[PDB]
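Sequence positions in the sequence shown follow the authors' numbering and run 3 to 125, 127 to 261.
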Amino acid sequence: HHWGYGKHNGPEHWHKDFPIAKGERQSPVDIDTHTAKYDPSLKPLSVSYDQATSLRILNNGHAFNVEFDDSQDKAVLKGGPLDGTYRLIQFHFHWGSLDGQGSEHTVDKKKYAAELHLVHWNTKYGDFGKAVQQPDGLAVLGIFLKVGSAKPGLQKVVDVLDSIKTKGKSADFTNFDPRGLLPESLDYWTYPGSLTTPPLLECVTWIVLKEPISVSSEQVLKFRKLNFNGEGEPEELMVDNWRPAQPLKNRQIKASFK
Ligand SMILES: [Cl-]
Ligand SMILES: [Zn+2]
């Protein structure tokens, strides 16, 4: 009986094994666009993904992760609210059973169809496992997906999902370029928060982009065909793997734009 997204193991049960679920800096949250403070001291984000090396894609039973070689400074995020260099280690998505839910973060209570998380750890700490222990250890870039037009650069991702259908499966996934997932503008809101899965550590600077990307209905449909189970236990579709909004408590959301 370990954690998941169902009735008996879902986000509302998490606090029993992971008490920090009820903490002071839990994510995700609702971004109230009228209460967010424009802060003109924030610099533009600097995203340097030219030398990125993708290695592998896996179904870990809660999402699918595309993993990158983080042994050197090859795909890095700097600037913004960040001091220092943060290395890309993985990206993953959260998505819904239907097009009107799926994102974790909300914008004036509006849900998007999915949310992309690009996970970066602060090189000052030397590896990811030490990073998650620090208040400034991680930076995740969150990008919202709405359904409209196809995103061509997501297509290579969708075509291999057939090969990692069940929990535990993994496939070689080289030469994928994460630039094809970025929207046009890099304006953002930022606030201090947490991982949105267990262990829910409060180690994250969140950078949530204003501009959504578009994917097609057919594209998100293929995400929905994945399984939370291993081969073949009874089939449970991997859908609605999102944690709802958590209390903002004593936190300010800052915007890079007005
Ligand atoms: Cl993970
Ligand atoms: Zn995530």
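The beta-carbon is built from N, C-alpha and C at its ideal position, and this holds for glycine as well.
Would you call the stretch 187-204 in contact with the stretch 23-41, where contact means no fewer than 3 C-beta pairs closer than 8 angstroms?
With the cut-off at 8 angstroms, the stretch 187-204 and the stretch 23-41 touch.
For residue 209, does the three-state DSSP call read helix, strand or coil?
The three-state reading of DSSP puts residue 209 in strand, counting E and B together.
Excluding the 5 residues preceding and the 5 following residue 239 in the sequence, name in chain order all residues of the same chain whose CB lies nearer than 6 angstroms to its CB.
Answer for residue 239: 231, 232, listed in chain order.
Could you pull the DSSP bridge partners for residue 257 from this structure?
Answer is 39, 193.
On the three-state DSSP scale, how would you describe residue 145?
Strand.
Counting along the chain, where does the alpha helix (DSSP H) carrying residue 214 start and finish?
First-last for residue 214: undefined, no H or E at that position.
Name the DSSP beta bridge partners of residue 121, please?
Residue pairing by DSSP puts residue 121 in a beta bridge opposite 92, 143.
Looking at residue 34 and residue 256, is the spacing between their C-beta atoms short of 9 angstroms?
Their beta carbons are under 9 angstroms apart, which means residue 256 touches residue 34 by this criterion.
For ligand 2, which residues have a Cβ under 6 angstroms from at least one heavy atom, in chain order?
Those residues placing their Cβ nearer than 6 angstroms to any heavy atom of ligand 2 are, following chain order, 94, 96, 119, 199.
Give me the residue from 251, 127, 180, 96 with the minimum Cα distance to residue 244.
Out of 251, 127, 180, 96, 96 has the C-alpha closest to the C-alpha of residue 244.
Give a single yes or no on whether residue 67 has its beta carbon closer than 8 angstroms to a heavy atom of ligand 1.
Result yes, Cβ under 8 angstroms from ligand 1.
Look up residue 70 in the DSSP assignment and give the residues it is bridged to.
BP columns for residue 70 point to 56.
Through-space distance from residue 68 to residue 208, alpha-carbon basis
So the two alpha carbons sit approximately 21 angstroms from each other.
Can you give me the Cβ contacts of residue 47 inside the same chain, cut-off strictly under 6 angstroms, excluding the 5 residues immediately before and after it?
81, 82, 189, listed in sequence order.
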